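Coming up is one lone chain in structure tokens, specifically the form deposited in one PDB entry.
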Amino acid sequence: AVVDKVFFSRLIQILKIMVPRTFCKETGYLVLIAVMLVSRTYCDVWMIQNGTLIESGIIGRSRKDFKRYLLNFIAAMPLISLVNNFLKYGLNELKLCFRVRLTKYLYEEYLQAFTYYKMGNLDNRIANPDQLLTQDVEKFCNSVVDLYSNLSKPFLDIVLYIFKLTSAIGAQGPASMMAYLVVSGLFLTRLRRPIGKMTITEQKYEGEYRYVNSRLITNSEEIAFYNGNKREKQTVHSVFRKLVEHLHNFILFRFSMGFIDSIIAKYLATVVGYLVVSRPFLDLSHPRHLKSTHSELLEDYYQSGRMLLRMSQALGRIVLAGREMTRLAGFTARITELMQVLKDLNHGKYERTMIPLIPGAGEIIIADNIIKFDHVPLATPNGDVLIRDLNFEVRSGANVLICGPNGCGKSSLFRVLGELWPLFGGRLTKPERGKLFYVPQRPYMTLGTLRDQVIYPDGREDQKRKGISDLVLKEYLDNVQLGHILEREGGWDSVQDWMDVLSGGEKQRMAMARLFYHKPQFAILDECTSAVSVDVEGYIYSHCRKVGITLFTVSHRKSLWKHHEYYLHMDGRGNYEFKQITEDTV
């Protein structure tokens, strides 16, 4: 988080995404804000001018002037509220418009061709992508708009008040006040250097105190078996004393530093301000400004004095806004990292995953109802080769059974099957990403109606395009014997958190009902049909055979060996067996 030319360039790009045109609504809010910033400055100076006239009326014991200027203030009261609150409304809307624009751009780039998947399970340059896509966008939009507003308001205030004081007091007044404020700020900043060192030391000691307590907790049983209460007490007490003595020293230093700070920045500023403003008055022979009535002297003094105070407050605010620029730089850096990674992924380039050409080798061809592995060395994307050259085919209507110990390498095969990981040479055949399925032990369950659950990848209008009437959907439910669920929550339209409402067996049955509804070419059964009866398994397998859906199974059960022709076996050290059938066993 350091401000350079790269920082500004990166802001320019991000803002270009956030301001696409010149006649959008963001430009409308920007001009609205600029107009209200100028109006707000004028309203503030008018209040300064009118307040002294009300007070001169009161002091002069004149009811005419008091009432005249009080009514001027009352009649102008609503306009000031509009000018201030319309500014706030414009700023809030600009933040919200910025958020919507950035989120649309990020998510359009994000939900495209496994990029959401690759971001976490194929790269490591960003963790917790959801946090960065949601929280950082809001924070960045808020920070950029807050910086704009907080640098645009003080700037105008300082310009106007310096211009007016150049005439009321002369160029010497504002210059001397600003010179003192700058010098005092530098001097106090130099004096306040140690606070940072003491602050980090305090945080370190508090961290040590927390860590020691946590250790005493996690190892409470072993300590309890010992009679070590009189020892852990000594250790924690010693750590507490270490922290406490530092706190004394930090408090004493803060007291000493505060004393000088109050004297220099709080009261000598008042003395300098009195000296600066008093020049036109105490100079009885001042050229032209002040040879006037008492009321004129009263008004001129208090107008000038209040202008100096508000000018100095503006200097403080602009300093604060400059400090907030650092946070803006931090948010921009994170967002720029995100945008870079999306650009890398969307073009296939990836780096730092969690040797042949890692970023894709060989070729992939497109065909239907045919899968052909031809010298494809499936491997982890890190480059670690899982196995030697592998070759096998599943031509049509053929079932393959995966057997062996805990695989840890078959997942790689399944991921390359659905383009999830790059190819590593040879030539391979696949359909167009829509003909492959994979149901884990607990299939994916969405939030919404049961019709959404069974029509997951498609919308209702998509179903109408296919013409699948709800009766056929019920038949698919009937085949898996899930038709009774329709009455559980009052029809299809019922919306519930289906992730936990259904039991395991129900989830797998609906998942295969979804498989039935889709009628794809290939599917993977990653040992999911574990909470269902044998009869239903054979019943669904019979449908799969009759329909023509090729199926991959990982059951390993003897009956499933009888129901499958091919088989794959791995020893955990690198090997694979592929043949027609086994007479009795491997």
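Just so we're on the same page, rigid core means the largest C-alpha set that superposes within 1.5 Å between forms. Only residues modelled in both forms are compared. Numbering starts at 1 and follows the sequence shown.
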| note | Per the record, the count of deposited residues between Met354 and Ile355 that have no coordinates is 10 or more
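Although it is not shown, the form deposited in another entry is what the next lines describe.
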| request: After superposing the two forms on their rigid core, pick out the one entry in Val272, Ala168, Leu243, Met257 with a CA shift of 2 Å or more between the shown form and the other one. | output: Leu243
| Honestly, after the rigid core fit, is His294 moving at least 2 Å at Cα between the shown form and the other one? | yes
| said: Report the shifted segments between the shown form and the other one, defined as three or more consecutive common residues with all CA displacements of at least 2 angstroms relative to the rigid core fit. | reply: 242-245, 292-294, 570-572
